[PDB]
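Coordinate inspection notes
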Amino acid sequence: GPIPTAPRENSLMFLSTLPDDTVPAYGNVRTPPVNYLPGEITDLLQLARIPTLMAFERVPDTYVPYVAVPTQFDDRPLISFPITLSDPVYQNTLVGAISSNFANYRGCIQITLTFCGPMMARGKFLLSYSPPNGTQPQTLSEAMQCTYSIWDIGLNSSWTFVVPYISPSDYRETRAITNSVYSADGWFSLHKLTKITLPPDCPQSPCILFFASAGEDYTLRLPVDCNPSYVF
Amino acid sequence: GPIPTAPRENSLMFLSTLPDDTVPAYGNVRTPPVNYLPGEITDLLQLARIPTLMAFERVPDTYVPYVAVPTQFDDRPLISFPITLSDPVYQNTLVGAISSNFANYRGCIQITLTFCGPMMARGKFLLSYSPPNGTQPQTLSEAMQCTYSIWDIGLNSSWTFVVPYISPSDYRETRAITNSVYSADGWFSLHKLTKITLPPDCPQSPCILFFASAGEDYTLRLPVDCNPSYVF
Amino acid sequence: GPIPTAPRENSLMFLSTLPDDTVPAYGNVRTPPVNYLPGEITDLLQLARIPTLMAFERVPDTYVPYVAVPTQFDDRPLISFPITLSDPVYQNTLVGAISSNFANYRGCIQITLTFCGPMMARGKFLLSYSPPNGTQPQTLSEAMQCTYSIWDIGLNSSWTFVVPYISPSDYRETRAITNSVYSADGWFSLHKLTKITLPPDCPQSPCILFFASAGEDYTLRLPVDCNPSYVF
Amino acid sequence: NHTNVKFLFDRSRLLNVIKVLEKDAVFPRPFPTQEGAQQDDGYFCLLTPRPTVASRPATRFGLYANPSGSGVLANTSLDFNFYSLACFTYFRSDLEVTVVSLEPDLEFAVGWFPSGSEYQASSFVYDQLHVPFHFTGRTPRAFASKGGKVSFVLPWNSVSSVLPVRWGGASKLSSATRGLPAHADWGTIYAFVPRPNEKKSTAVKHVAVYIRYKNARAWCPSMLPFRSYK
C-alpha cells in the first residue's frame, strides 16, 4: 500500500553521537592484510598498567624524578603529597594523563619506590597513608596512628606500596574544581625510621626514586573533550 | 498504526554513486533477443591481455614502433626506458590507456620482442632489468650485476620477457605527480652482446620490434574520471 | 522504536505514470451487477481483426471505396500503393487508426478483394508484391519477377491476399517522419492478366472493392498521445 | 572486480544544459535549413552519447572556439567519459535520467517522449488563457516541488538490437550519409513551467541534465582515441 507516512517528532537534525551508520560511498574495496604487525592494543588499561616516573620541583624551572636521602634528621616526613590526580606530581604520568580525559575514576592506586646509593650502607624507612582530616599530619608520632608499613634498607630495594580505595560513593572526581570529600583522599608520606650507616670512603647522599601505576581494579568513566592548552 | 515517522538524518539529498535503483517509468516492455552477437566482453582484462606495439620518437614529430640494430658498437644499451606507465612510450598502448583511468595497479608487466632482418645473419643479445638506484645504469658491466637473461639470434625470433612485480606495498601509483618509491621501479634495457654476422649481398640495418601486455596477475583499482584533453 | 527516518532521494514529486494506487475516499460502496451486457471487449485486436473498406481519391473532394475495371489496356498496374500505414489510403481504416496511436507495429498485413459486375463475363487477374528498390516497378514484366499470384475471375470472387512480414529488425516505424528502410516496405499492385469477356446486352464497367485487416500476428507497441486535429 | 563493465558503467554523469520552455514553440527542422524560419533552439535535447548538433544526430563533432561571427549558433555534446572509458563495437543498457535546477529556488516539471515520435505542437485556449497541448498526453509527465529533483528509469526503446559505437553503413538508398545511424537514442527530453503563455517572462532559466547507465553489456572490442605527443 501507499506510504503510511508517520512523521517523526524531531527528524531533520544533526547529532554528534548518533550511533547508527550512514550510506556507503565507494564500496567494493579490498585492503592489504595487516596481521604482520605485532603489539596490538585493546584498551588504554594496557598502557595505564605500565609504571612510569613522577617528579618534583627542585628544592630551593627543573622538576626532578628522584629524591636523595639527607644527612639531617627531623620528625617531619621527607616527602609527602596529597592523593589527587590533579596535582602537578602526576601531571606527566601516563595514569594521570589518561585520567585527565575522563569525568571520574574507580579503583586503587599503586606506588613503587627504588633506591640508588652506596654499598655498605643500611637503614630503615616507614611508609604511611593518612585519610583526610583537619590538616596534613606532621609528626611521625601522629602518622604512626594511621595505617603504615615497615620497609627495610637491605632486605629489598623496592618495597611496593598500594593505597587502598576508600570513599563514601562508587567513584570520585577526576578533577577538583572545588575541594570536596569525594575529590581529595588525604595524603601519603614517607618517614626516615633510623639513621642510616655511612661506611668508609663511600660517596654520600644516596638517591631514591618513586613510580606510580594504576591498580588492577583501576577504571575510568564518562569520557570528555581534552584541554588543547598543550599546543601552547 | 499511524506512520511512526522516524526522520532521517540527511534525506532530501542527491548523491552520485547511490547504488540502489529508482522508480520504473514505462515498464512492461519487450526487447529483441541479442544472443546472435558473438564476441561478448566481460572485463577490461580481456583487452588488456592482447599485446600491442609501443613506439619511440624518431632519433635525430614521427614516433616509430620499430628499432633497427646499428652497425656501430658501444657499451651502453641500445634502447632502455623506465618502467612507469606515465611515460610516453606506453602513452598509446592498450594497457597504458586502461591504466590511465585508475588510481593504482598491481601485478607483473609482460614484454615481447620481434626481429626483422636478413637471412644469413646471426648475433647475440642480452636482456636485463635494474631496480631504482642513484641513477640509471650505463655500462653493460654494471647492468650485468642486475638480473639479466640471454637471447640468441637464431634460436628463436621472440624471446619473451616479463618484469617481476617488486614493491614495498600492495600496489603502486598509476600516475606519478612527484617521483616516489612506490611510483617508479627502475628501468629495463637491452644490450648487444656480440657483433652480428653480415652475409654476402644481404641488406643491412635489420629491424626489431617490441610489444607490451599485462601479466596474468595484472589488476587495477579505484576508478577515476578521465582527462578530456584528447578531444583537442 | 522511533521512526528510523531514511529520507527518500526524490520524494515530494508528481509523476504521470506512477503505477501504485492512492488512498480511498468514499469506500464501502455497492454497484449494480453488469453481467447482463454482452459483447465484452478484451483487447483492441478484436476490432483490429474485423475487416473494413479502404478508399481512393476520385480519378480526374470525393474519395471512393471501389474501383471499376476499365475497357482500355496497358502494361502498367491498374491500382497500386506503398505499404505504409501513414498513407491516406489507410487513413480511415480501423487498423490504420489504431496503429496511429503507437510507436511501432509487428506482424503481417491482410488484404481482401471483391468483384461486382455482370453475369456472363470472365477474366483473369494477377496479384503481386514488390519490396523497396530504386523506384516502384511499372511494367507487368518487371513485376512478374517479384512474388505474385494468379486470381481467376470465375473460380471465386475474393482471392484473399496477405503481404508477408519482412524487415531487418524486430519492428517497424508506425509513422515515417523521414523515409527509411525500417519505415517503408515497397509496394503492392494488381495487374490485368487478359481481356475480360463482354457478353450480350450486359452492363459495362464492373466494380471491384478492396478490404484490409490485421494479420493474426499483428501487434503494436509503445503507446503515445493522439493528435487532436480531428476536432477541427 | 573493478574491471567488470557492469561495475564500471553504473554512475551518473552530466550530459547537457538546456533552457526552460514557456510556449508551444516550433521544433527544429532538418538540414540544410534556410533562414527566416521560426524554429527555436536550446529547448529540446536527445538522449545519446554519440555527437549531436542542434538537437539532431550528427557524424562530425564541432566546437565554437571562434566566438565572433554572424548567424545562429548551435548546441553540441559528446560523452567524453564513456568514449575514453573502453572499446566496444556494440552496446545496450537502460538509460536513467535525472535533472536538477541551475537557478535560485525554482519549480517546474519535465516531459519526455521516446524515439520515432516528435514534439506535439499547437495550444488550446481556456477562459481566455492559452496553454500548449504538451501539458497532457499519453506519455509520463513529472512534477516536483520548489528546489526540484527528478528521477526515473527508462526502458530500452529503440528498434535496433544494440547501440553501435562506431557504425559504417547507411540508412537509406538515396542521399543517405554513410556511417550516420538512425535511432541510437532513448528519445528526447524537455522542461517547461506550469504557467499560461500569457504570463511569459523575459528572464531566462537554465537546467542541467545527468544520466546513468544500468545493466550494460558490450561486444567486439575496438580501439581507443589517440593522444598527442606535443
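Residues numbered from 1 in each chain as written, not as in the entry; some residues may be left out. Chains lettered and ligands numbered in written order. Part of a larger assembly, values for the part shown. Heavy atoms only, no water. Residues with missing side-chain atoms left out of burial classes, pairs and counts.

1. Some thoughts on the interface of chain D and chain B
Worth spelling out the cut-off: Contact criterion: two residues are considered in contact whenever any of their non-hydrogen atoms come within 4.5 Å of each other. To qualify as a helix, a DSSP run of H or I must reach at least 4 residues; to qualify as a strand, a run of E must reach at least 2; elements of each kind are numbered from the N terminus. All residues other than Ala, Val, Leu, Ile, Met, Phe, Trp, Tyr, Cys, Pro, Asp, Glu, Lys and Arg, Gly among them, are scored as polar; the first ten of these are nonpolar and the last four charged.
Contact residues are listed per partner, giving 33 residues for chain D and 34 residues for chain B. Elements with a contribution of two residues or more to the side of chain D that touches chain B: helix 2 (80-85), strand 6 (90-101), strand 11 (150-154) and strand 14 (206-219) of chain D. Considering every element that reaches the side of chain D that touches chain B, the biggest residue donor is helix 2 of chain D, with five residues. Grouping the constituent residues of the side of chain D that touches chain B by class yields 18 nonpolar, ten polar and five charged.

2. Concerning the sheet that holds strand 5 (residues 76-77) of chain D
Residue and element names in this part refer to chain D. Convention followed: Being paired, for any two strands, means DSSP has found at least two bridges between them.
In spatial order, the strands read 4-3-5; together these three strands make up an open sheet with antiparallel pairing. Edge positions in the open sheet fall to strand 4 (56-57) and strand 5, since each of these has one partner strand only. In terms of strand pairing, strand 3 (residues 52-53) meets strand 5 through two bridges, oriented antiparallel. Considered in strand 5, the bridge of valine 53 is made with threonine 76.

3. Brief notes about the relation of the copies chain B and chain C
Put simply, the rule is: Note on alignment: the copies are superposed with a least-squares fit restricted to their C-alpha atoms.
For these two chains of identical sequence, chain B goes onto chain C by a turn of 72 degrees and a shift of 0.0 Å along the axis, with RMSD 0.0 Å. The transformation just described matches what one would write down for a five-fold rotation axis. If distances are taken from each C-alpha of chain B to the rotation axis, the shortest is found for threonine 5 of chain B, at 5.5 Å.

4. Some thoughts on the interface of chain B and chain C
Each partner contributes residues to the interface: chain B has 17 residues there, and chain C has 14 residues. Residue composition of the side of chain B that touches chain C, grouped by class: nine nonpolar, four polar and four charged.

5. Comments concerning unusual backbone geometry
The step from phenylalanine 31 of chain D to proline 32 of chain D runs through a cis peptide bond, and the omega angle for that step is -5 degrees. The topology assignment puts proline 32 of chain D in the loop between strand 1 (13-19) and strand 2 (45-46). The backbone of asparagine 28 of chain A sits at a positive phi, close to 60 degrees, despite the residue not being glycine. For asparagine 28 of chain A, the location among the structural elements is in the segment before helix 1 (45-49). Here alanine 54 of chain D, not a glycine, exhibits a phi torsion of approximately 50 degrees, which is positive. Following the sequence through the fold, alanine 54 of chain D ends up in the loop between strand 3 and strand 4.

From the geometry alone we can't say anything about function, so treat these as descriptive.
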